[PDB]
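Sharing a structure, written as structure tokens. Questions coming.
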Amino acid sequence: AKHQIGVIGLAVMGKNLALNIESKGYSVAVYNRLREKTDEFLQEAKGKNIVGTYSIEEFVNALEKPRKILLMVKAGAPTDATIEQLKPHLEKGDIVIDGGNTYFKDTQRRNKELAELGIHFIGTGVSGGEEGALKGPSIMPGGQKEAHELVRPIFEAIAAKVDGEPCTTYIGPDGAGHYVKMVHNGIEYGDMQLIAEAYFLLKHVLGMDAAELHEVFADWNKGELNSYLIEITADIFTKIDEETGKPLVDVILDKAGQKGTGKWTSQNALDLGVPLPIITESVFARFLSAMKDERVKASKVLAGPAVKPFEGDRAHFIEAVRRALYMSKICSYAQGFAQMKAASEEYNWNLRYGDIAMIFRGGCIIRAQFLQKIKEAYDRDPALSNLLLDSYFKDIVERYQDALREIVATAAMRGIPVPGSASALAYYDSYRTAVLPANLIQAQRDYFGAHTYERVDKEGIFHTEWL
Amino acid sequence: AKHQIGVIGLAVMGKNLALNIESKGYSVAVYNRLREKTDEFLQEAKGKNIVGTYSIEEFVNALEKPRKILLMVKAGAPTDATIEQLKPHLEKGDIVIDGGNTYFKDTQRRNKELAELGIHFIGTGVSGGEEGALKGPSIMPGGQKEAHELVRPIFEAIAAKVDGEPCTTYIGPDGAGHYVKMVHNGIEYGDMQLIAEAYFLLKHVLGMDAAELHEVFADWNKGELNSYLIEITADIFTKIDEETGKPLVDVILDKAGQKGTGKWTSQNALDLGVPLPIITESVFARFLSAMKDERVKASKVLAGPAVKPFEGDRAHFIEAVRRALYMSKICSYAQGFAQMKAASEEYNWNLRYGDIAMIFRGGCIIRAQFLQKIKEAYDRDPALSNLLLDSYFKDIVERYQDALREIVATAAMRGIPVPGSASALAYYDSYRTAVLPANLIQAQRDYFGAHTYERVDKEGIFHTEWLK
Ligand SMILES: O=C(O)[C@H](O)[C@@H](O)[C@H](O)[C@H](O)COP(=O)(O)O
Ligand SMILES: O=C(O)[C@H](O)[C@@H](O)[C@H](O)[C@H](O)COP(=O)(O)O
């Protein structure tokens, strides 16, 4: 018999997506190199319209033309080796979809190589984790338009929906979807760091235990901060470790891990020439936390300030931490969306930033009502160069900046590190400043490397003989 | 005949090095892919023991064996293309030296490829701008030790000297030299930002004009901040523009350019898992400065804080800025040398940090008295994991931290951007803190992604069914 779509790669992620697809009424053919994974899945999927296949050739010939193939294998060599194995069996107009957390430049290369053979390639971000894949992920496809239209109904049936809108859209050509999935990941790290900072601030300035941290974050999730990450943070602080009777979170080693994918947004921001301080500080902050042994060692030798207990208005401070968090979150998204814009211009993608905010509204980890406000900003002005300039975000920052300045000043004086929040404040004060101190930098570079400069008053290039 | 050393690539950097080599008694042959650069240089080099050659074969045949060839061409494809031109003609035991601003993995590759052929390869950082190349640069070579020994007298002859010692040493195997050169360049970016922030603070908090600013910086260069960058800064603040009667600095457009190599230290830190906040903020600050139009447009619509004029002790604030600047620089170097330690362990380079500190002492842009203190820290402890643990630097930061706190708080309250200095403080506060909020991050990661965590009280990898 002929099946509607094939999935290669049967880890939980691939299995759940194939289950999602089948529940939406499509017939699914599966293949996995490690034989046992297929055997297990077929027992897991009794009664469902999923068939196992046992070679690449069997798999390919079990599918309706034009063929739809979802790769969910290990990044790098195994993905390419599978694509290589598919090539002889596929025909002009067949569609290979890579759904892993792939570096967009890899997707660009595979797209280009397959195209020469008339085979289409879609690199797609899948967000939501393992449960999300089963129930409704965010899906971020990029590749040929003609190929996307063929697979679009499948994407649209399996994605999460907000207000009848599927959390999927055609992102753009080549590696656009994988690019946007990378930025999602970056933004995710920033949010987690900014929240970690709000926690540490409450813990140290106010001496808050887990139970009252629960209350605070639970309240926060009833307002503008409403989001999956805040939601789960409120719940984390309720958990009691049985063995010790301590809050579970206090027993967990403060050594933040990360996949090698974590650093990609920051590294790409550096290539494009776009400032991404908050997300980059967030990545560095994980690295510094992983240096736990160095840190406890330095704690016995390095002195902080000798500050007395906090005696100010406690309710005021809680709210100031909240507003500092929300403003910082805004600067981070402004930096992240400004990155996607530089990428769109550079790779010629014509990205729609309102559409991107729309797919982030559910399914994915950064999902929050917040993403609605971003969509609206781009609805109103598609070519908006920075989210800070939109009237909604502009109102917030003019009202919340006092709270962010107080938090930065207070953290500085009490010895509480707030790398993300501080760089958020510095970014805000740099972006709104017409004349920066880069005139001296420019003067210096000319002085020692005769790099030449431009002037404030005249047009054209200049070079002084300083020496 | 036969000349002692060859130079390929006659941009100003390669011409000056050749000139430099010649002035130390060596005979030099030169070649350039674009013929007119050679003709031009030869007009400039009459009086000098330098000859031009016009093919790669002629070039190679003009050199005494073992051949010593210095490559000063554009990075990437053109370097590789020149190496390819050279390969048919080189003989076993010949030495090619890439003095370009080369990514260290490229050097690693070229080193391997050339080694299989019996040809040695040295990738060398050369620092100090064009005047340094001419008068005395810092030379940071990496490669086969035996090959280095053969070029060592030439490096030592031309390098800058400080108190009789040349600013050059054997860095390590393969790409180690170009790696240290990269980090030097990262550190340079950080120092320039920290200074720019010092400037901007005095300018907006104290209302200093270019005359008061000059004073401050000249008075700083007589102290522990003594350095080339601070010296030229004190100088820059004296230049008046004739056709405006304005300080020239007030007339230069605030868009900081950068070479494509500028981002590399930060990108690599990300690869190695090392915290490099200050240098990276400095790269990003240059990117922000380049966005000049967005900033003017934004300046009309975005609100700053309400600020009364500054009322506190003015001499105190200048000293706080000075101290904030010195401490921040300490944190940046602490970060940058920690990155070198990481790369050394990763690539098995057995880096000698005191030696590196000593060759940064002259020739290169970041040259400063301060480097002696770094050298001494590694004398006391070669295996030192972070400079903040050394008694000199520990004592400085504990003394000056109060100043840095004041400057970060003041900047916040007054709307003055201090990205580099604020990240220095956050870094200090993070590094000295035994228990950071990453416990929450680990909880979150396990909650939504089953990533697992570790516990403070026992060994093992743990997962929680968070939903119940
Ligand atoms: O749900 C998702 O969005 C994906 O599964 C994935 O993008 C993941 O969250 C990141 O790669 C970060 O994971 P770490 O926090 O483990 O680095
Ligand atoms: O002296 C050096 O260090 C090098 O010859 C060279 O690498 C360069 O002068 C700097 O890297 C400046 O870089 P920018 O042009 O980016 O300021």
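A, B, ... follow the sequence lines: proteins, then strands. Residue 1 opens every chain. Heavy-atom basis, side chains included; hydrogens, waters and symmetry copies ignored.
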Which region of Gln444(B), side chain (C-beta onward) or backbone (N, CA, C, O), has a non-hydrogen atom less than 4.5 Å from a non-hydrogen atom of chain A, or is it both or neither? both
For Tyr453(B), which of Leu253(A), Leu248(A), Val249(A) qualifies under side-chain contact (heavy atoms from CB on, under 4.5 Å)? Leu248(A)
Looking at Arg455(A) and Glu243(B), is any side-chain nitrogen of the basic one under 4.0 Å from a carboxylate oxygen of the acidic one?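 Answer for the salt bridge query: yes.
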Do the side chains of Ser289(B) and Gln442(A) get nearer than 4.5 Å, heavy atoms only?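 When only atoms from C-beta onward are counted, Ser289(B) and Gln442(A) do not touch, as no gap falls below 4.5 Å.
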With a 4.5 angstrom heavy-atom cut-off, could you sort out which part of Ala422(A) is near chain B: side chain, backbone, both or neither?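 Contact with chain B: side chain only.
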Got a donor-acceptor contact below 3.5 angstrom from the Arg405(A) side chain to the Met413(B) backbone?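 Pair absent, no side-chain N/O of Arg405(A) close to backbone of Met413(B).
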Among the listed options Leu404(B), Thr410(B), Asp271(B), the residue most often paired with chain A at heavy-atom distances under 4.5 Å: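 Counting heavy-atom pairs under 4.5 Å, the top option is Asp271(B).
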Check step by step if side chain to side chain contact (heavy atoms under 4.5 Å, CB included) holds for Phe287(A) and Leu276(B). CA-CA 10 Å; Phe287(A) 294 168; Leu276(B) 202 80; over 6 Å; no
So, the side chain of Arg432(A) versus the backbone of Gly415(B): is there a donor-acceptor pair under 3.5 Å, distance only?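 Here the side-chain-to-backbone pair exists.
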Hey, does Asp254(B) have a side-chain heavy atom less than 4.5 Å from the side chain of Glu454(A)? no
Is chain B contacted by the side chain of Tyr199(A), its backbone, both, or neither, given a heavy-atom distance below 4.5 Å?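 The answer is the side chain of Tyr199(A).
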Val251(A) versus chain B, heavy atoms under 4.5 Å apart: side chain, backbone, both or neither?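 Both backbone and side chain.
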Per-residue contact mode, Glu398(B) against chain A (heavy atom under 4.5 angstrom): side chain
Does any backbone or side-chain atom of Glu281(A) lie under 4.5 Å from a heavy atom of chain B? Answer side chain, backbone, both or neither.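 When you check distances to chain B, only side chain atoms of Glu281(A) fall under 4.5 Å.
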